[PDB]
Structure formats: C-alpha cells, structure tokens
Amino acid sequence: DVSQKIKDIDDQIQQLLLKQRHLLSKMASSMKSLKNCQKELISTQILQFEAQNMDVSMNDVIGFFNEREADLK
Amino acid sequence: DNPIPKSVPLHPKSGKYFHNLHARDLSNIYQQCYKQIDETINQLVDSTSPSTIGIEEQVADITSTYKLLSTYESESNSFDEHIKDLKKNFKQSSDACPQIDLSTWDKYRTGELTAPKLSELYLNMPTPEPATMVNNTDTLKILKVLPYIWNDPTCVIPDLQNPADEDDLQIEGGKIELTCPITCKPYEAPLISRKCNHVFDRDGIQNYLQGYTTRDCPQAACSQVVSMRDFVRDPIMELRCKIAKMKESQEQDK
Amino acid sequence: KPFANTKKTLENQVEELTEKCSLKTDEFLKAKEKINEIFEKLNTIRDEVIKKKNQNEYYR
Ligand SMILES: [Zn+2]
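Protein chains in written order, with this note's numbering: chain A, 2 to 74; chain B, 297 to 550; chain C, -1 to 58.
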C-alpha cells in the first residue's frame, strides 16, 4: 500500500507547483504597482523641487527689494 | 496680475536637489523577479508529474508573466533614459538664463525672459513603447522550447534567434543526440559554442583545448577557431539530457 | 512689502509638497516590502517542494 504515499505527496508537489505559478502572477502585478509608486514619487518630487526653487528665488528678490529701501533713506 | 513668474532658472542653492532627481532604481528587484521566474521552471521541470499532457499550459502561464515583467522592465529602462535626457536638457537651458535679480525678476514674470519649466518638460516626455529590442533572453528560449523537449527530448529544434515569437517551431525530422561527440558518452556538463552552435561536454573541449590557445572547432573541424571562453553552459541541452534521464528513470519506476 | 502675502502662500505650498514627497516615499518603500513578501512566499513554497520530493526519493 506504500504505493499510495508516493501519489499523495506527488500530488501535493503538483498543488505547490501551481501555487508558485499563481504567486508569480501576483509578483508581476506587485511590480506594476511598485513602478507606479516609483513614477508618482519622482513626479511629486519634481513639483516640490520647482516650488522650492521658486521660493529661494523669491527670498533673493525680496532681499534685494528691501535694500533699495533701507539705503534710499 | 501674474505676481509670480511662469518659471525661473535653476538657483545655485537648488543645485543639490536637482542633482538628486532620479527615478528609484528597480534593477535589484527586477533581477530577483527573473530569478524567481527561473527557479520556477526548474522545479516545474524537475517535479512535474508524469507526462502525456505535455506541459503546454504551465509554460504558457509562466511565459505570460515573464513577458509582462519584461514589458515592465523596458518601460523602466526607458523611463530613466527620458528622465536623464530631460534633466540634461533642462540644466543646459537653465544655465543660459540670467540669474534672478531686481530687474530680471520682472522680466521672468512678464515673459521677456523665459526659463525652462522641468515639471512641464517631464509631463511632455516621448512615452513610446516598447522602444527597445526583443532581447533573446536565455530564459525565454527555454520556455519556447520546453514544451517540445518535454514530450520529446530529442526532437530536432530548428533555428531560433527571436523567441517569444508566438509561432510554432519548425520541428525538423529525426532526433539529436544527448551524447558528447568527444566522449561518445551521454552529457553531464553540456557546453555550447557562441560563434557556432556546437555542444560538447565540459571535459570534452576542456581536454581538447588543453594545452592549446585556439584550436578549430572539433565538429567536422568546423572552421570556427575556438577557446574555452567561447563555451557557455547549455541550458537547452541540459534540459534535453535532464528530461531524457527522467524518462529513462520513469520507464523503470513509474 | 508687496511680496509678503504671495511669498507666504509659496512657503506653504513648498511645505505641503515636502510632506507629500515624504508620504510617497513611505508608500514606495511599502510597495517594495510587499513584493519582497512575495519573494519570501515563493521561496518557502520551493523548500516545501524540495522536502516533499526527498520524502518520495525515500519512497514514503
Ligand atoms: Zn563549430
């Protein structure tokens, strides 16, 4: 009857081989979601860089503006 | 009206922020995805229950995600290329613009002077697909062939330099030998040549080229001058022998 | 001066974008972690196969 254990364990192997194929599908899906986060991160960062670059520029000009006044008098 | 300009050039203090802009590297993750893929065909081949079905389904599923992942990767590689170019173009365009000052600031606001706007240049990138080459990845050939060699480890596979090409293979007649032409014994460490598609067992050419710099290819002394470096490991041939050995093994105990 | 108000609105937007980048970073690192959990589940399953195998190798 020991001829049966070789079949159940041989089937379990098959169920596990299937599960691998399913998880491999999830993995690819997961990758796609990762690429989206990566894309969204770089986008938000470029906006931040712009706004922040405009900010330090504003600081400069304001600094110069206040000079034409504090010296004008 | 228009209190703030449409754009201003790259400020010296923003140099480091601009420099650090890049899309997050995924090379390491893609690598593991492919490795995970590989390890799956191995266990598949090595643990699939007795044939008479081939494995055409399993292979179809795996190749489906493999190509998906590969489609994703190409987009990622393309993404970096575009980011880098767009940035290089921005920096050069930004560097020709006058710095911001009491006079300059009004000009950038009014439009007299115009600086490049990275956010817009970013949104308006090429965006084509695939834009790359149908790389002949070693792991793609195994998938293409696998179903055919499973049901017949000797079936003569004809020329394939562009796998993934949904089309059936021109399976010739007869059958190839799972035995090294320089040992006349079944393989155990198949090696394929790069400049010619001849496969010899490792100890075959290992001793054939042993003591020599560049001897002509053993097979009918095939013109191709060869060396050990020209011999890669043959996954396809190893698959064949692997399968044959499993068939012989399954013929005795089933 | 004539800037005070706009500049204020500008400083805040930069503050908001900064928190946004921080969020997208954690969101991105989170996704990275999700896929690593899948590499992990794939790896363990393979170990099971290797073991169920060795069992039959022994014939039981
Ligand atoms: Zn040759």
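Where is the CB? At the ideal position from N, CA and C, for every residue including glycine.
If residue i and residue j are in contact, beta carbons under 8 Å, what's the gap, nearest whole angstrom?
| i | j | result |
| --- | --- | --- |
| B/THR450 | B/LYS471 | 3 Å |
| C/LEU15 | A/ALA29 | With a Cβ gap of about 32 Å, C/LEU15 and A/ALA29 do not count as contacting. |
| B/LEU364 | B/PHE386 | Actually they are not in contact, since the Cβ atoms of B/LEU364 and B/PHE386 sit about 33 Å apart, beyond 8 Å. |
| B/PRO477 | B/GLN515 | 6 Å |
| C/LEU40 | A/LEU24 | 5 Å |
| A/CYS38 | C/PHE1 | The pair is not a contact, with the Cβ atoms about 37 Å apart (cut-off 8 Å). |
Just to confirm, does residue i get its C-beta within under 7 Å of one of the non-hydrogen atoms of ligand 1?
| i | result |
| --- | --- |
| B/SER523 | no |
| B/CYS476 | no |
| B/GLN548 | no |
Across which residues does DSSP place residue i in a beta bridge pair?
| i | result |
| --- | --- |
| B/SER489 | B/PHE527 |
| B/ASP512 | B/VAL521 |
| B/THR475 | B/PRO482 |
| B/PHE496 | B/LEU487 |
| B/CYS451 | B/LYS471 |
Looking only at its own chain, which residues have a Cβ that is under 6 Å from the Cβ of residue i, when we skip the five neighbours before and after it?
| i | result |
| --- | --- |
| B/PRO426 | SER370 |
| residue 601 of chain B | A query on residue 601 of chain B cannot be resolved here, the shown segment of chain B reaching from 297 to 550 and no further. |
| A/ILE7 | none |
| B/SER303 | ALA411, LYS413 |
Going along the chain, which residues of its own chain have a beta-carbon closer than 7 Å to the beta-carbon of residue i, five neighbours each way excluded?
| i | result |
| --- | --- |
| B/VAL521 | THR510, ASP512 |
| B/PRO482 | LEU474, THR475, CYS537 |
| B/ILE532 | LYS437, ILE438, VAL441 |
| B/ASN298 | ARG405 |
Grab me the residues of residue i's own chain with a C-beta within less than 8 Å of its C-beta, minus the 5 sequence neighbours each way, in chain order.
| i | result |
| --- | --- |
| B/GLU335 | none |
| B/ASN493 | none |
| B/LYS312 | none |
| B/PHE375 | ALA319 |
In chain order, what residues have a CB nearer than 6 Å to some heavy atom of ligand 1? B/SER489, B/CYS492, B/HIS494, B/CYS513, B/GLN515, B/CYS518, B/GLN520
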